[PDB]
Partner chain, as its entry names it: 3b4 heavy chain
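The data below hold one chain only, encoded as C-alpha cells and taken in the form solved without its partner chain.
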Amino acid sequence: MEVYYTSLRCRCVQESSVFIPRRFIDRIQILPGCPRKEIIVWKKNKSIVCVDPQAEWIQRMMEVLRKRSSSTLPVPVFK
C-alpha cells in the first residue's frame, strides 16, 4: 500500500506499507506542526522511506527494538 498526503504540514508526503527487512535498515526516526506520527526509515543503501505507521511489520519491529534497548544492559550487582 502507498498513501499520498496533499497536506503541507508534514515532511512525509508519501508513505509506504511495504515490508523492509531489518538487515537493510540503518535507522528509524519516530516523529510524534505535523498532525500525524511519522516513521522515516533510513536504508543501508542511502535511500529514505516514510512508512505507514499502521503497517503491522513496522509495529512489530519497533516493539522488538524497544524491548532490546533494556535487554543488553550490564547485569546489576548488589551488596
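Superpose the two forms; the largest set of C-alphas matching within 1.5 Å is the rigid core. Numbering follows the first chain given and starts at 1. Residues that one form lacks are left out of the comparison.
- Going from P32 to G33, you skip over 1 to 3 residues of the deposited sequence that the entry leaves unmodelled.
- Taking only CA atoms, the mean B-factor in the PDB entry is higher for 66-74 than for the other of 20-28 and 66-74.
- Sort the chain's modelled residues by C-alpha temperature factor and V49 lands in the middle third, per the entry.
- Ranked against the other modelled residues of its chain, the C-alpha B-factor of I58 as given in the entry falls in the middle third.
- Ranked by Cα temperature factor within the chain, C12 sits in the middle third according to the deposited record.
Another form, the form deposited with its partner chain bound, is not on view; read the next lines as being about it.
- The shortest heavy atom separation between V49 and its partner chain in the deposited bound form exceeds 4.5 Å.
- Contact annotation: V18 falls outside 4.5 Å of its partner chain in the deposited bound form, judged by heavy atom distances.
- When contacts are judged by a 4.5 Å heavy atom cut-off, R9 does not count as touching its partner chain in the deposited bound form.
- Interface residue remark: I28 is counted as part of the site for its partner chain in the deposited bound form, having a heavy atom within 4.5 Å.
- Once you line up the core between the shown form and the other one, the Cα of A55 stays within less than 2 Å of where it was.
- Core-superposed comparison between the shown form and the other one: one run of at least three consecutive shared residues with Cα shifts of 2 Å or more is located, at 59-66.
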